[PDB]
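**Student:** Sharing a structure below in structure tokens format, with a few things to ask.
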Amino acid sequence: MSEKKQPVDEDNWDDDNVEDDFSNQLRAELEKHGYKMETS
Amino acid sequence: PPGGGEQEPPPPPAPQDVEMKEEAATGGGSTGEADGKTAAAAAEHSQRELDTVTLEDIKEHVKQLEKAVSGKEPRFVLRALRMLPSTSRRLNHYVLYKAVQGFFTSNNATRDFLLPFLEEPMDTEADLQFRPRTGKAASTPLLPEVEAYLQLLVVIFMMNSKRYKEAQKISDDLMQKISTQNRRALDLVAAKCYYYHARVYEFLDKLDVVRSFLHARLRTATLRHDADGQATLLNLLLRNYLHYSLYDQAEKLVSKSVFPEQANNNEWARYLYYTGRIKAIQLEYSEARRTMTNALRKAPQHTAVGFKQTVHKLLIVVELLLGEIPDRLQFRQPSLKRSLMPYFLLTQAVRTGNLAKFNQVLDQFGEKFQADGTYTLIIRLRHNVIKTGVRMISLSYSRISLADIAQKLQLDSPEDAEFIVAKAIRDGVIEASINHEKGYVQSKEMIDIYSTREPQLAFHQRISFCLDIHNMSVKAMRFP
Amino acid sequence: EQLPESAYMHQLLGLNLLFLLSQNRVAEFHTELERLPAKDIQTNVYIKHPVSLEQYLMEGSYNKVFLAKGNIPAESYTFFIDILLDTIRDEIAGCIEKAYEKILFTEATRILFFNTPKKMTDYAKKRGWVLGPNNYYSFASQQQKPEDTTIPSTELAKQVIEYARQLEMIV
Amino acid sequence: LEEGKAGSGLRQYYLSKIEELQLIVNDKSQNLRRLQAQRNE
Amino acid sequence: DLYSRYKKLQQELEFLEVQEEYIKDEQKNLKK
Amino acid sequence: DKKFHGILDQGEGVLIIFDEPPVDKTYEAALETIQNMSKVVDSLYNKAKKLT
Amino acid sequence: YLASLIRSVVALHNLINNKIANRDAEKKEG
Amino acid sequence: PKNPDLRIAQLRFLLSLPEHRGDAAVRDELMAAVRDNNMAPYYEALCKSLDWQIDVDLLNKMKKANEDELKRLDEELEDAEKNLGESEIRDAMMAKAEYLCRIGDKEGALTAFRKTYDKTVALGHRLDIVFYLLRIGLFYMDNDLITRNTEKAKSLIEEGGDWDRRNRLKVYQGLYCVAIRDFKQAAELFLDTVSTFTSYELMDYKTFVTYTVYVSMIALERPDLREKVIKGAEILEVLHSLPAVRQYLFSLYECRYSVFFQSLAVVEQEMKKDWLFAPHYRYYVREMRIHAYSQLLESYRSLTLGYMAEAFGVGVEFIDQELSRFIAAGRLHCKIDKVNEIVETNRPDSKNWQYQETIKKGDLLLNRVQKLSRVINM
């Protein structure tokens, strides 16, 4: 404005929530998905 | 030396053009606006005055120094002089100094020279009509002067400027009082100046007595004359009272009123931000979520700069305690992202059902939360993380074992497995029925009531809001 | 704010804080700690016990608090932790049901402590509720069985009354 | 006078507050009289 | 002087007060 | 193939048929909001032209 | 939903056309 | 006159994301930099890649020879504009002018485009200009100006009717729908299939086979999935050419759950290296999961996860947390009994999900119009 308080101090986002779920969980993932095969 | 020597002359006349005609056309226009119409107010040059103050506050302010245009501080504060027919000759004197600065070098007098200068409106004897024009001609050098921040010996001149402004305030309270109209143009200035009071007092000492003065002013506005002033005074109160314990929480309920009409526009919404943090301390989110969201949607268009981003920093806090939170990178700003990185990892681990993931973020990133004073949420948010985990596991599993559920949520023992669910049922978190023999926990999915109650409750907000859009459209449509 | 440091400054806030918690004041608790938020976490164990008590009150506890109620410095919190005792014990009875199908005898005796107290007999009165042999029951049933059938149809018509009124206010 | 010169400040404030309130009611009457001019058109 | 105008400024208050009833009634009959 | 509606069971060897045919009432609203997207988007051009 | 659908459209045509016909018509007169 | 620059966009995406490729990815890029005299495109890559050593005179004599080649046409126009004709001058300069801006940046192109838009009286060269906007829209990944001229070209095209350029645009909207996330519109616009065959602006046709088949496995339902590949003759041969891609289709219809990890493995490695899929690939991973889980859980009303270990080899807790997170997302509701190793279906989703889309989109829409409503005024 700049008056008063402030001088004192589809889209891809909806799916980017789920991507954030993929970031902290199960990586992507390829390698682990391929490593779980020979474990048992 | 030749290059810079020839680059010194061009700059100073650029302000000496615009800044000379700026408050002469705005102040001199508001001079005739103050004699009549005077409806409301309006005084549209008061809004133009907001634009002009913000105009110099980017470029060029007042000074410096600069050893060129620093003579404008005594220039405009001299020569009222005195009555309107005598002011023509003085308006010409303002232009004679242009030839003085064009022929010889410009004279710089500031700092200790400002003491008689600020007392020259009292020496001229007098303006004599417009206290706000003298308050503007005295403040306009003083307001950007705070940008020096030299802190040595000129801050007591800012105290002398509050004293001289208090003289102009005694003249503001005694004179007029019947269709004042000088007060309504001065309430913007009493606002800005009181915010500059707290600005200067933040660099030295908090103001305990100036709040006695401020509250004298505050309560004395009601009922005699309050237009736009008290809405700002309440925010002055709230601003340092939110930083300084205590009781100020329930102080707002006895102040309201509201206070209507909401002014100035966004200036009211930020008030909703201050009271949003306040009402968050009472842990009521439903009242807090609306006041937070309204703050952001009621504030256009920026820039600047970071406070509009900080109000959003605290916006999603109450929603994180709610348990229902949208992903916050839709509001992501290139200047904001870099600031909330640690904070963003916080909400990232909050929405998850892992408790250890959440306890790591407080350890590593608590150092940033110390500066924001946001630890008030970090104790009460744990309740929401456990409630989130149990909600997930409730809908995602038909029948769950209480002993085997503790390993995933690091619940660590069988006994609290019963406790979380006990309060979950008590708060209506889960409808499942639990049998204690081994024990086990079974859950059931009930519906069909569903769209009976929930959509009609929303419709009550939807339709009322749509007819309000109709009323607000009719209001602005009938003006022509 | 410049005064000689008081050795009691720490827990004297925790006496009124634990009493305030016995009164169940949610808004005053958090605004009490608003004076020194970073200092109460880093030091003052006397204040770190009530905030751990709040952490344990969102659990809730019940049992974790019973493990922390054995060891308190305290001091003078004896008079307050007795009030905290009773105000928790009635909450065992309130929060166990609704809604649990059944709970075995000695299993509830593990939370009531003692051996064969008369508090569980007084609970057999207060709750009522049921007293069964070597077991207990939430009958009947879970409880009162809300339907609610034609009861909500009255307010379902009523809400639409004023809703149509809002349509007529446009008009 | 204290009765008075400053008590007539509240007294005449009733004039300015009635004229301000009436300036709102007169804005509500002006914008509504445009209705009658238009409906008569 | 002071009390004179004090009693002079509620006149248009009441005049426009009945003017509200005026405009409100007239537009309703004008719709018919 | 959707030409047949129901559900089976491997353990008990039980096929169960269930059907709730009509989808029309939602199509009503869904195909509306989908177009109202471009409605609001089209309003941003006028709202941007009047302001600046 | 249809209600709120057209409510915004009414406000659309009314506010857009009127605010333009207000300030842009007054600026040429004075 | 596009693929030499389009593959440069391919190599810039190949260099940008992975920092582990320091050899074959810079070599082919310099191989295309020494030719066509690309000047401005490699500055942005010079900041990220190495600064050498020396470029300087090697590319300075080439940009000065490009400016002599530029000034010889700029010196040909005023001798050409002395004489006069219809388009014979202004059209002679624009083609090489957009090639001269092909050397660098957007400038000479953006001026040449608005220049020639007032020249051509037909859509022939107009849409060619549009194609230039699309190729540059891929290089600078700027979707602003490619959504406009396309909308304007569809009106001049269908006034009206076309063959080659129409089926071309059908692929273009597929490239934009795959750049962003649109699964149904991409496969719908990909219905032309082999009718566009090999094209320079359509780059490799063999890879077009793969791109068009990767979208058909999501938004296309199983009856319609085999309806496109089995009934469509033109698409049946191209899949027979590549046994790896064909494996995924016929294994998907075969319902075998052992191969899906191995087949999606290859699909995921190709998803990473290829561009535009970086944002969208992580959604695809779970997409195919729920698409296999659909046909899986629809067959039996009661199922045990120990049976799923046989098809998955061997999931125990893996699919436990997996399916749990699919349920929490409202994706294919199914009730699983924990520690009892039982899964239940249900779900008669035609009740709640029928009515749930209304509230999900309604809230976002009306919250948009709330902001627009408070904008006016102030």
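Identifiers in the structure tokens: chain A, B, ... in order shown; residue index from 1 per chain; ligand index from 1 in order shown.
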Counting only C-alpha atoms, what are the residues of range 1-28 of chain E within 12 Å of range 13-22 of chain D, and for each of them which pair of atoms is the nearest and at what distance in Å, to one decimal? Sort the table by chain and rising number, as CSV.
**Tutor:**
```
residue,atom,partner,partner_atom,distance
E:2,CA,D:15,CA,10.1
E:3,CA,D:15,CA,10.1
E:4,CA,D:15,CA,11.1
E:5,CA,D:15,CA,8.0
E:6,CA,D:15,CA,6.2
E:7,CA,D:15,CA,8.9
E:8,CA,D:15,CA,8.9
E:9,CA,D:15,CA,6.3
E:10,CA,D:18,CA,7.6
E:11,CA,D:18,CA,10.8
E:12,CA,D:22,CA,8.6
E:13,CA,D:22,CA,6.7
E:14,CA,D:22,CA,10.1
E:15,CA,D:22,CA,10.9
E:16,CA,D:22,CA,8.5
E:17,CA,D:22,CA,9.5
E:20,CA,D:22,CA,11.9
```
**Student:** Which distance in Å separates CA of residue 275 in chain B and CA of residue 225 in chain B, to one decimal?
**Tutor:**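 These atoms are spaced 24.9 Å apart.
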**Student:** Compute the set of chain H residues within 9 Å of chain F, using only C-alpha atoms, and express it as an MDAnalysis selection string.
**Tutor:** chainID H and resid 222:223 298:303 345:346 348 350:351 354:355 357:358 361:362 365 368:369 372 375:376
**Student:** So that each row is one residue of chain H with an atom at most 9 Å from chain B, can you give its shortest atom pair and the distance in Å to one decimal, using only C-alpha atoms, rows by chain and rising number, as JSON lines?
**Tutor:**
```
{"residue": "H:323", "atom": "CA", "partner": "B:396", "partner_atom": "CA", "distance": 8.4}
{"residue": "H:324", "atom": "CA", "partner": "B:396", "partner_atom": "CA", "distance": 5.5}
{"residue": "H:325", "atom": "CA", "partner": "B:396", "partner_atom": "CA", "distance": 7.8}
{"residue": "H:326", "atom": "CA", "partner": "B:396", "partner_atom": "CA", "distance": 8.6}
{"residue": "H:327", "atom": "CA", "partner": "B:396", "partner_atom": "CA", "distance": 5.5}
{"residue": "H:328", "atom": "CA", "partner": "B:396", "partner_atom": "CA", "distance": 5.9}
{"residue": "H:333", "atom": "CA", "partner": "B:396", "partner_atom": "CA", "distance": 8.4}
{"residue": "H:334", "atom": "CA", "partner": "B:396", "partner_atom": "CA", "distance": 8.0}
{"residue": "H:335", "atom": "CA", "partner": "B:398", "partner_atom": "CA", "distance": 5.2}
{"residue": "H:336", "atom": "CA", "partner": "B:397", "partner_atom": "CA", "distance": 5.1}
{"residue": "H:337", "atom": "CA", "partner": "B:399", "partner_atom": "CA", "distance": 4.6}
{"residue": "H:338", "atom": "CA", "partner": "B:400", "partner_atom": "CA", "distance": 4.9}
{"residue": "H:339", "atom": "CA", "partner": "B:401", "partner_atom": "CA", "distance": 6.6}
{"residue": "H:340", "atom": "CA", "partner": "B:399", "partner_atom": "CA", "distance": 7.9}
{"residue": "H:343", "atom": "CA", "partner": "B:398", "partner_atom": "CA", "distance": 8.5}
{"residue": "H:344", "atom": "CA", "partner": "B:398", "partner_atom": "CA", "distance": 8.5}
{"residue": "H:351", "atom": "CA", "partner": "B:448", "partner_atom": "CA", "distance": 8.7}
{"residue": "H:352", "atom": "CA", "partner": "B:448", "partner_atom": "CA", "distance": 8.6}
{"residue": "H:355", "atom": "CA", "partner": "B:451", "partner_atom": "CA", "distance": 8.5}
{"residue": "H:359", "atom": "CA", "partner": "B:455", "partner_atom": "CA", "distance": 8.6}
{"residue": "H:366", "atom": "CA", "partner": "B:462", "partner_atom": "CA", "distance": 8.7}
{"residue": "H:370", "atom": "CA", "partner": "B:297", "partner_atom": "CA", "distance": 8.8}
{"residue": "H:371", "atom": "CA", "partner": "B:297", "partner_atom": "CA", "distance": 6.4}
{"residue": "H:373", "atom": "CA", "partner": "B:469", "partner_atom": "CA", "distance": 7.4}
{"residue": "H:374", "atom": "CA", "partner": "B:298", "partner_atom": "CA", "distance": 7.3}
{"residue": "H:375", "atom": "CA", "partner": "B:300", "partner_atom": "CA", "distance": 8.1}
{"residue": "H:377", "atom": "CA", "partner": "B:476", "partner_atom": "CA", "distance": 8.8}
{"residue": "H:378", "atom": "CA", "partner": "B:265", "partner_atom": "CA", "distance": 7.8}
```
**Student:** Pull C-alpha atoms from the residues just selected and write them as a short mmCIF file (atom, residue, chain, number, x, y, z; two decimals), in the first residue's frame.
**Tutor:**
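Contents of out23.cif, freshly written:
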```cif
data_model
loop_
_atom_site.label_atom_id
_atom_site.label_comp_id
_atom_site.auth_asym_id
_atom_site.auth_seq_id
_atom_site.Cartn_x
_atom_site.Cartn_y
_atom_site.Cartn_z
CA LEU H 323 -2.87 -50.29 0.98
CA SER H 324 -3.40 -48.36 4.22
CA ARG H 325 -2.16 -45.20 2.52
CA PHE H 326 -4.31 -45.93 -0.52
CA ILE H 327 -7.35 -46.17 1.76
CA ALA H 328 -6.51 -43.01 3.71
CA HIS H 333 -12.18 -48.00 -0.25
CA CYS H 334 -11.79 -51.51 1.15
CA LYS H 335 -12.04 -52.70 4.73
CA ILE H 336 -9.01 -54.68 5.90
CA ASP H 337 -8.92 -56.59 9.18
CA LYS H 338 -5.57 -56.09 10.89
CA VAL H 339 -3.81 -59.04 12.62
CA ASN H 340 -6.66 -61.25 11.37
CA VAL H 343 -9.66 -57.96 3.49
CA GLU H 344 -13.29 -57.08 2.75
CA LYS H 351 -23.32 -43.72 -2.82
CA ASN H 352 -20.78 -41.42 -1.15
CA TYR H 355 -22.10 -37.03 -4.07
CA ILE H 359 -18.55 -30.91 -2.43
CA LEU H 366 -16.83 -20.85 -4.44
CA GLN H 370 -15.08 -15.19 -2.71
CA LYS H 371 -11.70 -13.59 -3.42
CA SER H 373 -15.97 -10.79 -4.95
CA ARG H 374 -13.97 -8.97 -2.28
CA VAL H 375 -11.56 -7.57 -4.89
CA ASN H 377 -14.05 -2.78 -4.89
CA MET H 378 -10.82 -2.24 -2.91
#
```
**Student:** Residues at most 10 Å from range 46-62 of chain H, counting only C-alpha atoms, excluding those fewer than 3 positions away in the same chain, as JSON, numbers by chain?
**Tutor:** {"H": [15, 16, 19, 22, 26, 33, 34, 35, 36, 37, 38, 39, 41, 42, 43, 65, 66, 67, 68]}
**Student:** Would you output that residue set with N, CA and C atoms, as a short mmCIF file (atom, residue, chain, number, x, y, z; two decimals), in the first residue's frame?
**Tutor:**
```cif
data_model
loop_
_atom_site.label_atom_id
_atom_site.label_comp_id
_atom_site.auth_asym_id
_atom_site.auth_seq_id
_atom_site.Cartn_x
_atom_site.Cartn_y
_atom_site.Cartn_z
N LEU H 15 21.03 -32.72 -18.94
CA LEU H 15 22.16 -32.19 -18.18
C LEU H 15 21.72 -31.56 -16.87
N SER H 16 20.55 -30.92 -16.86
CA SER H 16 20.14 -30.12 -15.71
C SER H 16 19.93 -30.98 -14.47
N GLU H 19 23.27 -34.59 -11.89
CA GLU H 19 24.62 -34.04 -11.83
C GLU H 19 25.67 -35.12 -12.02
N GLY H 22 28.60 -36.48 -16.73
CA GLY H 22 29.55 -35.48 -17.19
C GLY H 22 30.24 -35.76 -18.50
N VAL H 26 27.33 -33.95 -22.36
CA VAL H 26 27.94 -32.72 -22.85
C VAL H 26 28.48 -32.89 -24.26
N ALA H 33 26.25 -27.87 -30.89
CA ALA H 33 26.58 -26.46 -30.70
C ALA H 33 27.56 -25.97 -31.76
N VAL H 34 28.50 -26.83 -32.17
CA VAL H 34 29.42 -26.45 -33.24
C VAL H 34 28.70 -26.30 -34.57
N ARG H 35 27.49 -26.84 -34.70
CA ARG H 35 26.69 -26.72 -35.90
C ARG H 35 25.46 -25.87 -35.64
N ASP H 36 24.92 -25.29 -36.71
CA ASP H 36 23.78 -24.38 -36.67
C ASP H 36 24.13 -23.08 -35.94
N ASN H 37 25.30 -23.06 -35.29
CA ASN H 37 25.81 -21.87 -34.60
C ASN H 37 24.82 -21.37 -33.56
N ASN H 38 24.39 -22.27 -32.68
CA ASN H 38 23.55 -21.86 -31.56
C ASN H 38 24.38 -20.97 -30.64
N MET H 39 23.90 -19.75 -30.39
CA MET H 39 24.69 -18.75 -29.68
C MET H 39 24.11 -18.47 -28.30
N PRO H 41 21.49 -19.94 -26.78
CA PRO H 41 21.08 -21.11 -25.98
C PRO H 41 22.15 -21.68 -25.06
N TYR H 42 23.43 -21.59 -25.41
CA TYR H 42 24.45 -22.24 -24.58
C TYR H 42 24.99 -21.35 -23.46
N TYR H 43 24.54 -20.10 -23.34
CA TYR H 43 25.02 -19.27 -22.25
C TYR H 43 24.43 -19.73 -20.92
N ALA H 65 30.29 -14.29 -38.32
CA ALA H 65 29.87 -14.81 -39.62
C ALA H 65 28.36 -14.97 -39.69
N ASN H 66 27.72 -15.21 -38.55
CA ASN H 66 26.27 -15.22 -38.47
C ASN H 66 25.71 -13.81 -38.58
N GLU H 67 26.47 -12.81 -38.15
CA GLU H 67 26.02 -11.44 -38.29
C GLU H 67 26.30 -10.92 -39.69
N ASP H 68 27.31 -11.47 -40.37
CA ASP H 68 27.51 -11.16 -41.78
C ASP H 68 26.43 -11.83 -42.62
#
```
**Student:** Fewer than 6 positions away in the same chain doesn't count, so skip those; otherwise give me all residues within 12 Å of residue 37 in chain D, counting only C-alpha atoms, as a list in words.
**Tutor:** residues 478 and 480 of chain B; 30 and 31 of chain D; 23, 26, 27 and 30 of chain E
**Student:** Deliver the residues from the most recent selection as a file, using N, CA and C atoms, as a PDB file, in the first residue's frame.
**Tutor:**
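Listing of result.pdb after writing:
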```
ATOM      1  N   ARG B 478     -26.319   1.474  -6.955  1.00  0.00           N
ATOM      2  CA  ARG B 478     -27.271   2.578  -6.866  1.00  0.00           C
ATOM      3  C   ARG B 478     -26.627   3.962  -6.789  1.00  0.00           C
ATOM      4  N   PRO B 480     -24.777   5.820  -9.004  1.00  0.00           N
ATOM      5  CA  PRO B 480     -25.087   6.740 -10.111  1.00  0.00           C
ATOM      6  C   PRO B 480     -26.566   7.065 -10.227  1.00  0.00           C
TER       7      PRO B 480
ATOM      8  N   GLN D  30     -30.453   9.727  -1.219  1.00  0.00           N
ATOM      9  CA  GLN D  30     -30.064  10.133  -2.567  1.00  0.00           C
ATOM     10  C   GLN D  30     -29.994   8.920  -3.487  1.00  0.00           C
ATOM     11  N   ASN D  31     -29.189   7.923  -3.097  1.00  0.00           N
ATOM     12  CA  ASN D  31     -29.060   6.714  -3.904  1.00  0.00           C
ATOM     13  C   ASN D  31     -30.393   5.995  -4.070  1.00  0.00           C
TER      14      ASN D  31
ATOM     15  N   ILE E  23     -40.564   7.626   0.209  1.00  0.00           N
ATOM     16  CA  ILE E  23     -39.921   6.919  -0.894  1.00  0.00           C
ATOM     17  C   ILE E  23     -40.270   5.434  -0.850  1.00  0.00           C
ATOM     18  N   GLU E  26     -43.939   4.911  -1.934  1.00  0.00           N
ATOM     19  CA  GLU E  26     -44.196   5.271  -3.322  1.00  0.00           C
ATOM     20  C   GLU E  26     -43.618   4.247  -4.290  1.00  0.00           C
ATOM     21  N   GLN E  27     -42.399   3.752  -4.048  1.00  0.00           N
ATOM     22  CA  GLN E  27     -41.876   2.766  -4.994  1.00  0.00           C
ATOM     23  C   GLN E  27     -42.707   1.488  -4.985  1.00  0.00           C
ATOM     24  N   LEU E  30     -45.729   2.246  -7.051  1.00  0.00           N
ATOM     25  CA  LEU E  30     -45.259   2.438  -8.415  1.00  0.00           C
ATOM     26  C   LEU E  30     -44.935   1.112  -9.089  1.00  0.00           C
TER      27      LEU E  30
END
```
**Student:** Do you have, as JSON lines, the list of residues of chain G lying at most 7 Å from chain B, each with its nearest atom pair and that distance in Å to one decimal, counting only C-alpha atoms and ordered by chain then number?
**Tutor:**
```
{"residue": "G:4", "atom": "CA", "partner": "B:466", "partner_atom": "CA", "distance": 6.0}
{"residue": "G:7", "atom": "CA", "partner": "B:466", "partner_atom": "CA", "distance": 6.1}
{"residue": "G:11", "atom": "CA", "partner": "B:473", "partner_atom": "CA", "distance": 5.9}
{"residue": "G:15", "atom": "CA", "partner": "B:473", "partner_atom": "CA", "distance": 6.2}
{"residue": "G:18", "atom": "CA", "partner": "B:477", "partner_atom": "CA", "distance": 6.2}
{"residue": "G:22", "atom": "CA", "partner": "B:480", "partner_atom": "CA", "distance": 6.5}
```
**Student:** So that I have them on file, write out the residues from the current selection with N, CA, C and O atoms, as a short mmCIF file (atom, residue, chain, number, x, y, z; two decimals), in the first residue's frame.
**Tutor:**
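Result went into selection.cif, see below:
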```cif
data_model
loop_
_atom_site.label_atom_id
_atom_site.label_comp_id
_atom_site.auth_asym_id
_atom_site.auth_seq_id
_atom_site.Cartn_x
_atom_site.Cartn_y
_atom_site.Cartn_z
N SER G 4 -25.79 -20.12 -6.20
CA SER G 4 -24.48 -19.48 -6.10
C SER G 4 -23.79 -19.35 -7.46
O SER G 4 -22.97 -18.45 -7.66
N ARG G 7 -25.53 -16.20 -8.90
CA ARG G 7 -25.34 -15.04 -8.03
C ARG G 7 -24.06 -14.28 -8.39
O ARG G 7 -24.07 -13.04 -8.53
N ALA G 11 -23.63 -10.39 -9.99
CA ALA G 11 -22.64 -9.44 -9.48
C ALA G 11 -21.60 -9.08 -10.53
O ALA G 11 -21.10 -7.95 -10.56
N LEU G 15 -21.61 -5.17 -11.39
CA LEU G 15 -20.49 -4.41 -10.85
C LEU G 15 -19.52 -3.97 -11.94
O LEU G 15 -19.09 -2.81 -11.96
N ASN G 18 -21.21 -1.28 -14.20
CA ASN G 18 -21.56 -0.06 -13.47
C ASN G 18 -20.32 0.71 -13.04
O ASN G 18 -20.27 1.93 -13.17
N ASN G 22 -19.40 4.42 -14.16
CA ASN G 22 -19.40 5.38 -13.05
C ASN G 22 -18.16 6.25 -13.20
O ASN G 22 -18.25 7.44 -13.53
#
```
**Student:** When you draw a straight line from CA of residue 211 in chain H to CA of residue 250 in chain H, how long is it in Å?
**Tutor:**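 These two atoms are separated by 17.0 Å.
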**Student:** Identify all chain B residues at most 6 Å from chain A by counting only C-alpha atoms; ligands do not count. Present them as a count of residues only.
**Tutor:** 4
**Student:** Could you tell me how far CA of residue 199 in chain B sits from CA of residue 163 in chain B, in Å to one decimal place?
**Tutor:**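 Going from CA of residue 163 in chain B over to CA of residue 199 in chain B, I get 16.1 Å.
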**Student:** I want to know what sits within 8 Å of residue 45 in chain B, based on only C-alpha atoms, with residues of the same chain fewer than 4 positions away left out; could you give that as a PyMOL selection string?
**Tutor:** chain B and resi 26-27+29-30+49
**Student:** Applying 12 Å and only C-alpha atoms, which residues near residue 79 in chain C remain after dropping the ones on its own chain fewer than 3 positions away? List them as a ChimeraX atom specification.
**Tutor:** /C:15-16,18-19,22,74-76,82-86
**Student:** Identify, on the basis of only C-alpha atoms, every residue whose closest approach to range 68-80 of chain B does not exceed 7 Å; exclude the query and any residue fewer than 6 positions from it along the same chain; express the result as a short mmCIF file (atom, residue, chain, number, x, y, z; two decimals) with C-alpha atoms, in the first residue's frame.
**Tutor:**
```
data_model
loop_
_atom_site.label_atom_id
_atom_site.label_comp_id
_atom_site.auth_asym_id
_atom_site.auth_seq_id
_atom_site.Cartn_x
_atom_site.Cartn_y
_atom_site.Cartn_z
CA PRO B 12 19.08 18.01 -6.23
CA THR B 87 0.84 33.97 2.33
CA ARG B 90 5.70 33.85 1.27
CA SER B 106 23.05 25.39 -0.82
CA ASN B 107 23.14 25.79 2.96
CA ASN B 108 22.73 22.74 5.19
CA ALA B 109 21.35 23.20 8.70
CA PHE B 117 13.45 25.48 13.23
CA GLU B 120 9.56 28.70 14.06
CA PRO B 121 5.89 27.84 13.40
CA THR B 124 5.94 33.14 13.12
CA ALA B 126 1.09 32.09 13.38
CA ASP B 127 -0.12 29.78 10.61
CA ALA B 137 5.14 20.53 7.43
CA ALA B 138 6.87 19.69 10.73
CA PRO B 141 11.02 16.08 7.54
#
```
**Student:** From a DSSP pass on the backbone, collect the residues of chain F flagged as alpha helix (DSSP H) and hand them back as a compact mmCIF listing (two decimals) with C-alpha atoms, in the first residue's frame.
**Tutor:**
```txt
# COMPACT_ATOMS: atom_id res chain seq x y z
CA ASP F 24 -27.64 -38.82 -13.62
CA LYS F 25 -28.09 -36.57 -10.58
CA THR F 26 -24.35 -36.09 -10.04
CA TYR F 27 -23.67 -35.56 -13.76
CA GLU F 28 -26.07 -32.66 -13.25
CA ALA F 29 -23.67 -30.89 -10.87
CA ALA F 30 -20.29 -32.18 -12.05
CA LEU F 31 -20.67 -31.02 -15.64
CA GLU F 32 -21.67 -27.64 -14.18
CA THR F 33 -18.70 -26.85 -11.95
CA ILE F 34 -16.36 -28.10 -14.69
CA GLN F 35 -17.61 -25.33 -17.03
CA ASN F 36 -17.94 -22.71 -14.28
CA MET F 37 -14.14 -22.97 -14.09
CA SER F 38 -13.85 -21.20 -17.45
CA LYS F 39 -16.67 -18.93 -16.28
CA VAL F 40 -14.60 -17.44 -13.42
CA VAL F 41 -11.45 -17.49 -15.57
CA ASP F 42 -13.33 -15.39 -18.13
CA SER F 43 -14.35 -12.95 -15.38
CA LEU F 44 -10.69 -12.32 -14.43
CA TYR F 45 -10.11 -10.54 -17.76
CA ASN F 46 -12.79 -7.90 -17.17
CA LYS F 47 -11.89 -7.57 -13.49
CA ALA F 48 -8.28 -7.03 -14.57
CA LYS F 49 -9.23 -4.49 -17.25
CA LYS F 50 -11.36 -2.27 -14.99
CA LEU F 51 -8.69 -2.05 -12.27
```
**Student:** Could you please select, counting only C-alpha atoms, the residues of chain G within 12 Å of chain H and state them as a VMD selection string?
**Tutor:** chain G and resid 1 to 12 14 to 16 18 to 20
**Student:** What would the file look like if the residues just selected were written as an mmCIF file, in the first residue's frame with C-alpha atoms?
**Tutor:**
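Once everything was written out, this is out17.cif:
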```
data_model
loop_
_atom_site.group_PDB
_atom_site.id
_atom_site.type_symbol
_atom_site.label_atom_id
_atom_site.label_comp_id
_atom_site.auth_asym_id
_atom_site.auth_seq_id
_atom_site.Cartn_x
_atom_site.Cartn_y
_atom_site.Cartn_z
ATOM 1 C CA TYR G 1 -25.102 -24.665 -6.232
ATOM 2 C CA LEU G 2 -26.995 -23.251 -9.235
ATOM 3 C CA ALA G 3 -28.073 -20.359 -6.998
ATOM 4 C CA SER G 4 -24.477 -19.476 -6.103
ATOM 5 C CA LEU G 5 -23.575 -20.133 -9.760
ATOM 6 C CA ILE G 6 -25.702 -17.299 -11.103
ATOM 7 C CA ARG G 7 -25.342 -15.037 -8.030
ATOM 8 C CA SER G 8 -21.705 -14.391 -9.018
ATOM 9 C CA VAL G 9 -22.812 -13.754 -12.625
ATOM 10 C CA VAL G 10 -25.347 -11.108 -11.576
ATOM 11 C CA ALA G 11 -22.643 -9.438 -9.475
ATOM 12 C CA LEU G 12 -20.329 -9.801 -12.502
ATOM 13 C CA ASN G 14 -23.731 -5.375 -12.595
ATOM 14 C CA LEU G 15 -20.487 -4.410 -10.847
ATOM 15 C CA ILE G 16 -18.242 -4.515 -13.932
ATOM 16 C CA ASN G 18 -21.557 -0.055 -13.471
ATOM 17 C CA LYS G 19 -18.133 0.758 -12.047
ATOM 18 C CA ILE G 20 -16.876 1.423 -15.578
#
```
